[PDB]
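Atom set for the values below is all heavy atoms of this structure, side chains included, hydrogens, waters and symmetry mates excluded. Just so it is clear: chains get the letters A, B, ... in the order the sequence lines come, proteins before strands, and each one is counted from 1.
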2 protein chains.
Amino acid sequence: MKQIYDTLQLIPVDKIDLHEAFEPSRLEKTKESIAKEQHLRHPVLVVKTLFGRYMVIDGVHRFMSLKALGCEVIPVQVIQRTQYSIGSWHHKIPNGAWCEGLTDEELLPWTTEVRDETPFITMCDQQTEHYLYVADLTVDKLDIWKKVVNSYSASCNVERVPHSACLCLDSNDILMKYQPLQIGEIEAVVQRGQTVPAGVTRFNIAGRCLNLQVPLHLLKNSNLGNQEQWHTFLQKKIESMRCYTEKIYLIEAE
Amino acid sequence: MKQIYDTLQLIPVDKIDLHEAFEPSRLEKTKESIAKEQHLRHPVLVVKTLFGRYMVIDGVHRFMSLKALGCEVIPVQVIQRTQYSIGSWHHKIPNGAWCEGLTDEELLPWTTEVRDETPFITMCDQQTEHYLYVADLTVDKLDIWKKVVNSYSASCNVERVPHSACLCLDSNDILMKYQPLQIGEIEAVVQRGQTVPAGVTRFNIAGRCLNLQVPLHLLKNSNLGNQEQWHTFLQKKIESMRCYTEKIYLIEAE
């Protein structure tokens with residue numbers, strides 16, 4: 001389906017922006033893997049913004065790995081707005097008692113009280129839930145998020161779970177719930193040069209292209225000869241492209 | 001879901017049955033490819049039947065290729081009835097008026113009469129339909145499906161379209177419409193040692209496991225001591241497994 005071929009592009013690395021922070025540990029493992037394989041398995045998923053720029057909506061650690069590896073162009077799949085919806089990740093913290101970062105950040109005005117306002121953050125254990133609202137918050141919405149997420153993210157052990165999935169907690173777990181953003185909030189965040197915390201925005205994307213395996217060597221120089229090479233490479237790959245429209249379980253290795 | 005692990009099994013080759021004819025042209029390219037790669041990319045998709053036997057619902061040519069190569073066990077994924085629905089393929093013949101194999105067959109009792117019985121086969125064009133009913137035909141549904149399908153399968157160009165899909169016939173198209181069978185019927189067929197013609201049944205399966213890349217070395221000797229290797233193999237592959245719930249475009253190459 002050539003409609004997909006036309007959305008696979010090599011974009012100058014300096015024209016791509018993040019809307020979120022990244023976790024440098026995951027960045028370094030992903031980067032090791034790319035350097036070892038000398039391939040980028042999946043294109044980074046981007047949307048057009050303004051000034052001829054692009055915003056990553058999925059693959060921030062791949063993109064950062066390529067930038068850190070000295071790539072001048074990034075293989076992207078350009079996603080239309082009709083192809084995605086915006087949800088969020090909840091952060092499940094196993095053995096959440098031994099997680100010293102959040103373990104006594106008492107000062108924020110957590111409360112079990114529920115009001116018809118929107119609870120910005122919700123903290124869960126097997127028994128109880130706690131909330132945060134800007135009626136009580138002194139600083140702005142997003143640095144609360146940075147503070148809270150960052151208190152446990154890099155120090156404690158986290159597993160991200162989709163905000164829409166069904167999950168029940170053990171008594172070891174703590175579950176951090178963050179409400180999804182609208183695209184206009186994300187756009188404003190990027191336009192102001194800001195970022196949301198790592199690993200909280202979750203884009204549900206239809207029509208992902210998988211297992212492109214872009215050779216790293218193609219990404220090192222920005223020369224339009226390199227672009228002819230990219231078109232050749234891509235034409236070779238599309239012949240092996242098959243569309244799947246039902247749930248699949250993909251082994252991402254070989 | 002870790003249930004996948006229990007559904008991926010090595011099954012003796014003599015316990016597996018096909019329900020549909022295979023196209024040997026396609027069988028030879030599948031066989032070729034498997035021999036070159038020394039691996040089976042996707043597991044054969046089967047459902048359990050009677051006498052501890054299994055019926056292939058997708059992967060006829062992978063299976064036949066494996067049997068031709070001397071494999072004693074087939075890597076399969078056991079699909080449960082909640083995972084799949086059964087539809088059919090319609091066969092669109094562009095410029096069907098010039099399909100000689102379909103026109104010279106003046107014998108068959110094609111008819112525009114709409115009866116209360118369901119027709120074996122419906123042959124449509126832009127503004128008129130023809131049917132074949134049991135009452136006008138001396139021999140069984142399957143013999144007629146194979147006779148009609150083979151009158152144009154190799155003779156003329158044919159686009160296979162899902163029966164539920166949207167299709168508007170151009171001025172010169174002809175459309176062969178076949179009934180979707182129920183699983184009881186397909187099972188009866190296999191129980192009598194018969195097969196449906198190729199390219200007519202269409203299984204819509206959710207949760208296909210993809211890109212397992214089973215090494216061929218594991219399929220030649222069917223001994224309990226092989227199973228350990230298998231299980232080892234499997235547990236390794238699962239650690240690279242990922243579920244995709246939206247439509248994907250997978251590059252099935254490396």
Please step through side-chain contact (heavy atoms from CB on, under 4.5 Å) for the pair A:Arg208 and A:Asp58, ending with a clear verdict. CA-CA 10 Å; A:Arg208 296 173 181 269; A:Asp58 194 11; 2.8 Å; yes

I'd like to know whether B:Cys71 forms a side-chain contact (heavy atoms from CB on, under 4.5 Å) with B:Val13, so could you lay out the CA-CA distance, the side-chain angles of the two residues, the decisive distance to 0.1 Å, and finally the verdict. CA-CA 7 Å; B:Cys71 297; B:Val13 60; 5.9 Å; no

side-chain contact (heavy atoms from CB on, under 4.5 Å) for B:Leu50 and B:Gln191? Distances and angles first, verdict last. CA-CA 9 Å; B:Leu50 306 171; B:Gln191 288 167 359; 3.5 Å; yes

Under the criterion side-chain contact (heavy atoms from CB on, under 4.5 Å), I'd like the reasoning laid out for A:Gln83 against A:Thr7: C-alpha separation, chi angles, the key distance, then a yes or no. CA-CA 12 Å; A:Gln83 296 180 265; A:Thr7 68; 5.8 Å; no

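More than 12 heavy atoms of other residues, nucleotides or ligands lie within 6.0 Å of CD in A:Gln235, so this atom counts as buried by the packing criterion. More than 12 heavy atoms of other residues, nucleotides or ligands lie within 6.0 Å of CG in B:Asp143, so this atom counts as buried by the packing criterion. Taking a 6.0 Å sphere around CD of A:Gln38, one finds it holds 12 or fewer heavy atoms contributed by other residues, nucleotides or ligands. Counted within 6.0 Å of NZ on B:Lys141, heavy atoms from surrounding residues, nucleotides or ligands total more than 12; the atom is thus considered enclosed. Residue B:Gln182 places its CD atom among 12 or fewer non-hydrogen atoms of other residues, nucleotides or ligands, all under 6.0 Å distant. The number of heavy-atom neighbours closer than 6.0 Å to CD of B:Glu100, taken from other residues, nucleotides and ligands shown, is 12 or below. Around atom CD of B:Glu228, no more than 12 heavy atoms belonging to other residues, nucleotides or ligands sit under 6.0 Å away. Atom CE of A:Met1 has more than 12 neighbouring heavy atoms from other residues, nucleotides or ligands inside a 6.0 Å radius.
Side chains of B:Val46 and B:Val78 form a contact here, defined as non-hydrogen atoms less than 4.5 Å apart. Residues B:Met55 and B:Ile183 meet the side-chain proximity criterion, which asks for heavy atoms closer than 4.5 Å. Residues B:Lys147 and B:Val139 have side chains not in contact (no heavy-atom distance under 4.5 Å, counting atoms from C-beta outward). Residues A:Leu219 and A:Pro75 form a side-chain contact, since some pair of their non-hydrogen atoms from C-beta on lies under 4.5 Å apart. Residues B:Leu216 and B:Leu66 form a side-chain contact, since some pair of their non-hydrogen atoms from C-beta on lies under 4.5 Å apart. Side-chain contact between B:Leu142 and B:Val189 is present, with heavy atoms from C-beta onward closer than 4.5 Å. Side-chain contact between B:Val60 and B:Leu27 is absent, with no heavy atoms from C-beta onward closer than 4.5 Å.
Although no hydrogens or angles enter the test, the distance criterion places no donor-acceptor pair under 3.5 Å between the side chain of B:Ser153 and the main chain of B:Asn150. The backbone N or O of B:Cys209 lies less than 3.5 Å from a partner atom in the side chain of B:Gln77, making a donor-acceptor pair. In this structure, B:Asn226 contributes its side chain and B:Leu218 its backbone to a donor-acceptor pair below 3.5 Å. B:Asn172 places no side-chain N or O within 3.5 Å of a backbone atom of B:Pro94 that could act as its donor or acceptor partner. Counting only distance, with no hydrogens or angles, the side chain of A:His163 and the backbone of A:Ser88 share a donor-acceptor pair below 3.5 Å. Side chain of B:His217 to main chain of B:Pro215: no donor-acceptor pair is present (N/O by atom type, distance under 3.5 Å, no hydrogens or angles). With hydrogens and angles disregarded, a donor-acceptor distance shorter than 3.5 Å links the side chain of B:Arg62 to the backbone of B:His42. In this structure, the side chain of B:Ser33 does not engage the main chain of B:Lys29 through any donor-acceptor pair within 3.5 Å. B:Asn211 contributes a side-chain N or O that, together with a main-chain N or O of A:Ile251, makes up a donor-acceptor pair within less than 3.5 Å. Under a 3.5 Å cut-off, the side chain of B:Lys146 and the backbone N or O of B:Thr195 do form a donor-acceptor pair.
A donor-acceptor contact closer than 3.5 angstrom is absent between the side chains of A:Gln213 and A:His39. Checking B:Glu185 against B:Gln179 by side-chain atom types alone, no donor-acceptor pair falls below 3.5 Å.
Taking every heavy atom of both residues into account, B:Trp89 and B:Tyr178 meet most closely at O-CD1, 3.8 Å. Between B:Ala165 and B:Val161, the shortest heavy-atom contact is CB-CG1, 3.8 Å. The two residues B:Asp140 and B:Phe120 have their closest heavy-atom pair at C-CE1, 4.2 Å. Contact between B:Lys15 and B:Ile11 at its shortest, heavy atoms only, is CB-CG2, 4.2 Å. Looking at every heavy atom in both residues, B:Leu132 comes nearest to B:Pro109 through CD2-C, 3.6 Å. Smallest separation of non-hydrogen atoms from B:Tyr84 and B:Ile86: CE1-CG1, 3.7 Å.
In this structure, CD1 in B:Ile4 is found 7.5 Å from CD1 in B:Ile238, a value given to the nearest 0.5 Å. Considering OG of B:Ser240 and CZ of A:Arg41, their distance stands at 7.5 Å, rounded to 0.5 Å. Interatomic distance, A:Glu20 CD to A:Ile186 CD1, rounded to the nearest 0.5 Å: 8.0 Å. If you take CD on A:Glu246 and OG1 on B:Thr245, they are separated by 11.0 Å, rounding to the nearest 0.5 Å. Taking CG of B:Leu210 as the reference point, atom CE of B:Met241 lies at 11.0 Å (rounded to 0.5 Å). A distance of 7.5 Å separates OG1 in B:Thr201 from CG in B:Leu181, rounded to the nearest 0.5 Å.
Taking the six-membered ring where the residue is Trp, B:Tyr131 and B:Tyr133 present tilted rings, their angle falling between 30° and 60°.
For the side chain to side chain contact (heavy atoms under 4.5 Å, CB included) criterion with B:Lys177, the lone passing option out of B:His90, B:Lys92, B:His91 is B:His90. When B:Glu28, B:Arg26, B:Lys31 are each tested for a side chain to side chain donor-acceptor pair (under 3.5 Å) with B:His61, only one passes: B:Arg26. Remark: of the listed residues B:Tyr54, B:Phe63, B:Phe203, B:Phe203 is the sole one forming a ring-ring contact (aromatic ring centres under 6.0 Å, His included) with B:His19.
A cation-pi arrangement is absent between A:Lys2 and A:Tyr5, since the terminal nitrogen or guanidinium carbon is not both under 6.0 Å from the aromatic centre and inside a 45° cone about the axis.
Residues B:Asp136 and B:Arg115 are paired through a salt bridge, judged by an N-O separation under 4.0 Å between the basic side chain and the carboxylate.
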